[PDB]
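Peer 1: Generate a structure from the sequence data that follows.
(chains A, B, C, D, E, F, G and H, ligands or ions: 17)
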Amino acid sequence: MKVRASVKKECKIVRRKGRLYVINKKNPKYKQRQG
Amino acid sequence: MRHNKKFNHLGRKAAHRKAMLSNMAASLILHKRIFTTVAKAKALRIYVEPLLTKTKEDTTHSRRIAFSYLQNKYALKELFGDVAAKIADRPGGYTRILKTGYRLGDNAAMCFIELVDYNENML
Amino acid sequence: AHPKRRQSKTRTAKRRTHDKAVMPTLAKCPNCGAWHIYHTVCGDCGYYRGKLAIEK
Amino acid sequence: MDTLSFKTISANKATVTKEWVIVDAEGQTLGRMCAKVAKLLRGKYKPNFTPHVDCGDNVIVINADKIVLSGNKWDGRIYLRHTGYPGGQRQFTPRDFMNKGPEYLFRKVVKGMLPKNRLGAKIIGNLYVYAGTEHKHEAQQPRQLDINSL
Amino acid sequence: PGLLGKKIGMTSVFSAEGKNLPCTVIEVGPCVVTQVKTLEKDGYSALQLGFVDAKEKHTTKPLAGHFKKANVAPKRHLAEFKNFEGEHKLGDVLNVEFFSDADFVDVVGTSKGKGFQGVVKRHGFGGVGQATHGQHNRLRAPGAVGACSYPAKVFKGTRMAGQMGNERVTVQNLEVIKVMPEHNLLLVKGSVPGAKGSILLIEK
RNA sequence: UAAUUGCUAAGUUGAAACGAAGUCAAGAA
RNA sequence: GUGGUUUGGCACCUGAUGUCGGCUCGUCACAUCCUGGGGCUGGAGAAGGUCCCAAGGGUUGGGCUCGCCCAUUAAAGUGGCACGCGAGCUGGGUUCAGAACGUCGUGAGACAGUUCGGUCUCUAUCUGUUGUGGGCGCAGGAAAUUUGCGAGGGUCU
RNA sequence: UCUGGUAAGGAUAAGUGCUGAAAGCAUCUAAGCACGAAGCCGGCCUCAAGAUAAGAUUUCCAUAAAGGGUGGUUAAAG
Ligand SMILES: [K+]
Ligand SMILES: [K+]
Ligand SMILES: [K+]
Ligand SMILES: [K+]
Ligand SMILES: [Mg+2]
Ligand SMILES: [Mg+2]
Ligand SMILES: [Mg+2]
Ligand SMILES: [Mg+2]
Ligand SMILES: [Mg+2]
Ligand SMILES: [Mg+2]
Ligand SMILES: [Mg+2]
Ligand SMILES: [Mg+2]
Ligand SMILES: [Mg+2]
Ligand SMILES: [Mg+2]
Ligand SMILES: [Mg+2]
Ligand SMILES: [Mg+2]
Ligand SMILES: [Zn+2]
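Peer 2: Numbering: from 1, shown residues only, chains lettered A, B, ... in the order given. Ligands and ions are numbered 1, 2, ... in the order given. Below, you will see the structure:
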């Protein structure tokens, strides 16, 4: 899981609990936090 | 702390305290009633009554043991004569302390200590 | 170590609130009829608890 | 000597008109109801209001547990206090006050809209908060009041 | 639940498997039920117990009436206990057989009093410097008590000199060695707070 | 605790490069 | 962009705001040393790397004077508090009068230098802190047993 | 010389999930529901009604020893 100021996008962008996430269950090395 | 410590130092070194107690014992034996501060009299009551108990066995051994405390020939003679004759058949409590007042110079609490067998009005 | 200010009269008197002279514990002689200190030989007559103690 | 001859009269302990009123907290907002309660306690609704005299009304609040807090205030308003020791700051919520008792929450809110002096410390004792609609205040004959009219 | 008791002293015994044990002897003694407290009348449930028989010379009239209501002889020490596994009436007796099934007990007492004590004995302070190497007069001194002008105060809870001992202390999980109902005696393994003759609370 | 019309759901309210665009509104291809 | 912990710039406070390191006593923050919970791995397991949440408690003794070394430990964290703390300590270092070497100056003397020696004052008023009482109130007068609004401690491995 | 620290009772952090529209697909989430930390609130220990919001329960009520003070013999209390 990588946290950075600017996150960008088969990965999908979702919003959970006021935070931004980019998730990809096919490849978990592309998860991102705190957009 | 002083838990279960049962003698008064009386503001003196050990040798001075023992000498003063011996002198007071001799004075009480010679003159049957003396006047002194209350704390000193309460210490003397502890010190002197086992000395009077030693005259219930008139032996050379008891005379010498009493002389070890007293070191006073006249006091020893009076104690093993008339004092012993008077305090025979009394099981302890040979002395009595009665408070009197206070001194002018230091407001010390004053009393007198006496032998109960030489006071007649107190039965 | 040193007072920064002098104390006022009020502050001094407030501290001295607890300065007092102790009242002696006085008992009456039921027979003799005078004052003496409780648990102490009455020096006027020499009696203590109804018995003569100091013979004048 | 007095050259005025036309003064404004201040009420005193023997001239105030103190009354017992009952108000309801069925669906009102906490702060909006408590501001009107503070005005009632202070005596801003009386024509003989005098700022140096306890001239207000004794207020009984019923249905205190039905009060409403909008937004996320029931757990998002953080009250802070200090015990006086190092590392001694503590947090609590209006939910914690309500759990302890509605009178504690109401007293905390009203003290804060009242004046910060001896008179206000005396005034806060004229408020009575009860959880339900059942209270025992006979011998004084309290008067029902519509808080929405104020 | 529990009873009152009086500490007698310490001894040493040998267990069944040849282990030397240090033991404390407690005279637990018969405790009588002097008051019963209820949720419906007091606000909580508890039993009040009295321990040591007192003569009428040392019992005030309010206490004498309080005992007369419960129909018991006057006692010297009273204490409340909670959570009894049963029903107990007013004026009944409990003895050291109450602890027969117990394995571990807790003992509450008042520790011995030391009077005014300095920081070294009271708090284990290290002392300033050495006994030599320029020491002047701070051998048993506390040292610094603050941190200059930014706090500009001594914090609450700073450890200083003061009265030490003579306060309520609890010791937990003392193993019970033996119960002697014929002498009202309880043997526990270890030490209990207080001097000989002091009153204890023994909790099952 | 006026009147009327909108916006904000963040208790926002009473600092930037750089990111989603949460939301309303006006458009063009 | 952030911080103000490095080197600086400014000269706004000061009939004295009087000193480095060590000792004693702490207290706070987290930018986590150990212990606790997790995402990813070019992670087979085993240990590792990197990131996230988390500050409760712990975080040795010596030979040398920031740093090196010896032996341990779960670990031997980073900082702030007038580079925390001398009306609490020390005086090894540093501002003093003696003396010597090197260098500089005609000389008096001086020095990115070095070396041996060299007085650390004060009886605590207010506030603060740790303990312990007297008065009154609650309450018309009392003897006991208590509930807990709250406060502090404990929390390691 | 004895005893203790310990688990996690409740809500949670980072994360893991179920059902699910906005956006007919998908989605741990916006309405909901399970978990999940030495961290937070508790349990444990001591103080604690001057908590002036001064609480409760039992019993006794004025003068002798209803309660005390002063006093005395003293203490493992100071
Ligand atoms: K002896
Ligand atoms: K300050
Ligand atoms: K400094
Ligand atoms: K606590
Ligand atoms: Mg002396
Ligand atoms: Mg000699
Ligand atoms: Mg005085
Ligand atoms: Mg003691
Ligand atoms: Mg030492
Ligand atoms: Mg010196
Ligand atoms: Mg010295
Ligand atoms: Mg200028
Ligand atoms: Mg000046
Ligand atoms: Mg200083
Ligand atoms: Mg010179
Ligand atoms: Mg020399
Ligand atoms: Zn007489």
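
Peer 1: For the residue nearest to residue C:31 when sequence neighbours are not counted, which residues are in contact?
Peer 2: Counting by Cβ to Cβ, 6 or more residues apart in numbering or on different chains, residue C:31 lies nearest to residue C:47, which is 7.7 Å off, once chain neighbours are set aside. No exception for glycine: its C-beta is placed from N, CA and C like everyone else's. Going by Cβ atoms under 8 Å, 6 or more residues apart in numbering or on different chains, residue C:47 touches C:29, C:31, C:32, C:41, C:53.

Peer 1: What distance do you get for the closest residue to the fourth one other than its chain neighbours to RNA strand H?
Peer 2: Once flanking residues are discounted, residue C:41 sits nearest to residue C:48: 4.5 Å by Cβ to Cβ, 6+ apart. As defined by Cβ to the nearest atom of the strand, to the nearest Å, residue C:48 lies at a distance of 12 Å from RNA strand H.

Peer 1: Residue E:114 too?
Peer 2: 6 Å.

Peer 1: for residue E:133, same thing?
Peer 2: Counting by Cβ to the nearest atom of the strand, the gap from residue E:133 to RNA strand H is 32 Å.

Peer 1: In chain D, which helix is the longest?
Peer 2: Taking DSSP state H as the criterion, chain D has its longest helix at helix D:30-42.

Peer 1: What values do phi and psi take at the residue nearest to residue C:31?
Peer 2: Main-chain torsions, residue C:47, degrees, to the nearest 10: phi -90, psi 150.

Peer 1: Who is it paired with across the strands?
Peer 2: Applying DSSP bridges to residue C:47 gives these bridge partners: residue C:52.

Peer 1: show me where the chain has strands.
Peer 2: Because you didn't say which chain, this covers chain A. Assigned by DSSP state E, the strands in chain A fall at A:2-3, A:12-16, A:19-23, A:32-33.

Peer 1: try again with chain D
Peer 2: D:20-24, D:58-62, D:79-82, D:89-92, D:127-129, D:143-144.

Peer 1: And chain B, by the same measure?
Peer 2: B:33-37, B:95-102, B:109-115.

Peer 1: Quick check: which of the ones you listed is buried the most?
Peer 2: Compared across those, strand B:109-115 shows the largest average neighbour count, a mean of 19 (mean count of other Cβ atoms under 10 Å in any protein chain shown).

Peer 1: ok, and what's touching that strand?
Peer 2: The list of residues contacting strand B:109-115 from outside it, by Cβ under 8 Å, 6+ apart, reads B:28, B:32-39, B:41, B:44-45, B:83, B:86-87, B:94-103, C:54.

Peer 1: Just want the angle from it to strand B:95-102.
Peer 2: Orientation of strand B:109-115 against strand B:95-102 (axes from the mean of the first three to the mean of the last three Cα atoms, to 10 degrees) gives an angle of 150 degrees.

Peer 1: Adjacent strands (with direction) for strand B:109-115?
Peer 2: If you go by DSSP bridges, strand B:109-115 pairs up with strand B:33-37 (antiparallel), strand B:95-102 (antiparallel).

Peer 1: Around chain D, pick out the residues from chain E.
Peer 2: Neighbours of chain D within chain E, by Cβ under 8 Å from any Cβ of the partner chain: E:155, E:156, E:157.

Peer 1: between the residues you listed, which is closest to residue D:122?
Peer 2: Closest to residue D:122 out of the residues of chain E next to chain D is residue E:156 (30.8 Å), distances taken as Cβ to Cβ.

Peer 1: Of the strands of chain B, which is nearest residue C:22?
Peer 2: Residue C:22 lies closest, by Cβ to Cβ, to one member of those: strand B:95-102, at 12.3 Å.

Peer 1: Extract the C-alpha set from the closest one and format it as PDB.
Peer 2: Output in PDB follows, covering the C-alpha atoms of strand B:95-102 (Å, rounded to 0.1, in the frame of the first residue of the first chain):
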ATOM      1  CA  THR B  95       8.400   4.700  95.300                       C
ATOM      2  CA  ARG B  96       5.700   7.300  94.600                       C
ATOM      3  CA  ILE B  97       5.800  10.400  92.300                       C
ATOM      4  CA  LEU B  98       3.700  13.500  93.000                       C
ATOM      5  CA  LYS B  99       3.600  16.600  90.800                       C
ATOM      6  CA  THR B 100       3.900  20.000  92.400                       C
ATOM      7  CA  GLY B 101       4.300  22.800  89.800                       C
ATOM      8  CA  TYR B 102       6.700  24.700  87.600                       C
END
